[PDB]
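A lone chain, given as structure tokens: the form deposited in one PDB entry.
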């Protein structure tokens, strides 16, 4: 009984590129060699030559065919270069048949593994963009008819029943040049500092495009041999943290929007504590007795921010935070992505009101944090995020008055450049602005906080005169060269922002440096 078999024609999976066409995920053609044992049994004399061409051992190769002498089909070796396979087929060994397949290849490897993700052995998206746009990127295989004889030898390819159709191309918002830069600097910082993990997000403040998104640890998607679950996490999007002092500029925005505060107002912060109930608000830098509003950010006074918070009420703070998108849904639909949490209480005690205002009792993703800073930097206009390239600048929503936004921009520029500021965040050639942050990590195995485990943050944008990009840098558990946001994350911000701005041809607004 001889028969017509149907065989599959593999389809081309769609090309994933960066915003300028750099390929990030590509289906590369490869050759899979298969054999008809029956046909091979009639050429035993050719085996050793064949086994040596496939690099296999002669006897082990022979046992294989002998074990499967009954079958009319077995794989010899899968995934060869189109050159090698045709080299072996040129040997004319009976019973040896090739077929063109595809291998998904990631040219930038670990640089973009988190954002891009990967496919499985049957080319289904399993992680990341591969997963998220699987329908878009997948193609439909073809089918064709082959005529086989009694003993499984292929006589004729009779017809193609249906053609293969390739997937569609996807252009991301990422700029791979910025991504290369960001990845390397974040990795350096992680190693210098003895940190466990980190994230780094860069955003176009005008368009909402995610220009770069890297995390540590990472992995090579082209070789997942000894892959650990930890390394696979796109932490920027799926890991949440308490933003700490990095939310003060929004507290401060609420204050200026309340009508009850103005930049020149001075707040008494002595003695760097403020007892309320059984809980004690503390400042780290206990030097100045009184600060103006700009000095509350520069020195990052929790006490100072608390007092403003007691004046204006929680709802005015909760509401600015909500409007800049903290604890809100981004709309990206990245797999695993978290919304985070902006607590809503019926009545707001003093404690929760103060901790909210200086960044605890709420949890954000690095992506949200950057989104919020982008709104601030875009003169109070929030624009929706995109992880795909944006055709035309979208309509944004005015979430902070331009005048408040402008004022807070000036303040944050001070935080960086003023004496006693976060000088390590300065970008050569440009004026930049931003906020340091340093948060104790939450205890494992109990409520409350860890006595020696810190998360280091820096969040800012540049250029100060006309902002173009917002950036966030988050490093977990540094243990080698201090832990303050402004010692650990700010220098990373400095370098990447420098490169970023250069690589996008933004003209320097601070010729003096």
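Residue numbers count along the first chain shown, from 1. Note that the rigid core is defined as the largest set of C-alphas that superpose within 1.5 Å between two forms.
In what follows, reference is made to the form deposited in another entry, a form of this protein that is not presented.
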Item to complete: Choose, among 336, 94, 402, 343, the residue with a C-alpha displacement of 2 Å or more between the shown form and the other one when the rigid core is used for superposition.
Response: 94
Item to complete: Please check if residue 468 moves between the shown form and the other one, taking a CA shift of 2 Å or more relative to the superposed core as movement.
Response: no
Fill in: After fitting the core, residue 73 CA displacement of 2 Å or more between the shown form and the other one
yes
Fill in: Did residue 424 shift 2 Å or more between the shown form and the other one, C-alpha, core superposed
no
